[PDB]
Ligand SMILES: Cc1ccccc1-c1ccccc1CNc1cnc(-c2ccc(C[C@H](N)C(=O)O)cc2)cn1
Ligand SMILES: [Fe+3]
């Protein structure tokens, strides 16, 4: 019969929750996420010195690479986020500020999340233009790469492109397709999402650029993706969806889309077939 799925934005309330100093701090952010309910403003957090230092390093080094590595859409929106949301080396932007900025631009909003959601629950958020975001900062011992998403990933990887209409449409349509879909179909949609939204490359004016959020937040994988010692294939959902998504390491393969508009059409033809 059909599995449960959210029918309105507030239904997301029902799934979004499914060293010792670092540990206690993580519990703090986890508790803020767990007590959030739709309609709340997202709790604003005073970040520690060390958290800002880690952000500063990440922000400083990624901004050296963006102009030559990032797709034009990412670069177009980056300065608006500086101006309106307080993106600076010495300040971590607040999810509530970024949420409000997105609401105005593409209708996207943010909801804080404590841990990993299932791909079904995560994608279901996108159906309502809701992006579930972590609020904590990666451990200071590896600024260049982390196997778990942190707030730098959400803020630097995802938000600039969620502010772009063509890209927000693409994202929402993946979400909409997943609503009440089979387990097989959800896995394919999530893999397609992984190799576009998360780790996607694109061709712009003949050059390879990155739009994948997991790449735009990692100093070392961003450089690696365009080095180019990376194996790259054309984006094609029927083949892309079978590709294994790697956690804990760099990807073994990245997929190239022609444009956000084109990747959206490819996904449209594809979802018809599943
Ligand atoms: C396999 C799996 C298990 C549990 C939940 C979801 C999945 C699953 C199912 C289908 C497709 C993709 C996935 C995994 N999804 C994802 C998506 N993104 C990440 C991820 C994204 C960014 C980062 C941080 C980045 N490396 C950095 O250094 O900035 C680290 C991890 C990790 N996993
Ligand atoms: Fe992500």
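Bear in mind that the values in this text are calculations on the coordinates, not laboratory data. A quick note on method: Cβ atoms are made from the backbone with ideal geometry, for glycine too, and the neighbour counts reach across all protein chains shown.
Worth pointing out:
- Test: residue in region 156-167 that is surrounded by fewer than 21 Cβ atoms within 10 Å (Cβ to Cβ) and more than 14 Å from the chain's Cα centre (by Cα): yes
- Residue 229 being away from ligand 2 (no atom under 16 Å from the Cβ), farther than 27 Å from residue 118 by Cα and either touching a helix residue (DSSP H, G or I) at 6+ places or on another chain (Cβ under 8 Å) or assigned to a helix (DSSP H, G or I) (or both): no
- Residue in region 215-233 that is within 15 Å of ligand 1 (Cβ to nearest atom), more than 23 Å from residue 59 (Cα to Cα) and surrounded by 18 or more Cβ atoms within 10 Å (Cβ to Cβ) present: no
- Among the residues listed as 190, 185, the single one being more than 16 Å from ligand 2 (Cβ to nearest atom) and more than 17 Å from residue 70 (Cα to Cα): 185
- The lone exception for residue 255 - which of (1) under 18 Å from the mean Cα position of the chain (by Cα); (2) outside any strand (DSSP E or B); (3) surrounded by 13 or more Cβ atoms within 10 Å (Cβ to Cβ) it fails: (2)
- Region 66-92 residues that are over 22 Å from residue 199 (Cβ atoms), paired with ones that are part of a strand (DSSP E or B) (beta carbon under 9 Å, 6 or more apart): 82/88
- Of the residues examined, residue 155 is not one that is assigned to a helix (DSSP H, G or I) and either touching a helix residue (DSSP H, G or I) at 6+ places or on another chain (Cβ under 6 Å) or away from ligand 2 (no atom under 16 Å from the Cβ) (or both).
- Matching entry among 193, 136 (being more than 12 Å from ligand 1 (Cβ to nearest atom) and crowded, with 22+ Cβ neighbours inside 10 Å): 136
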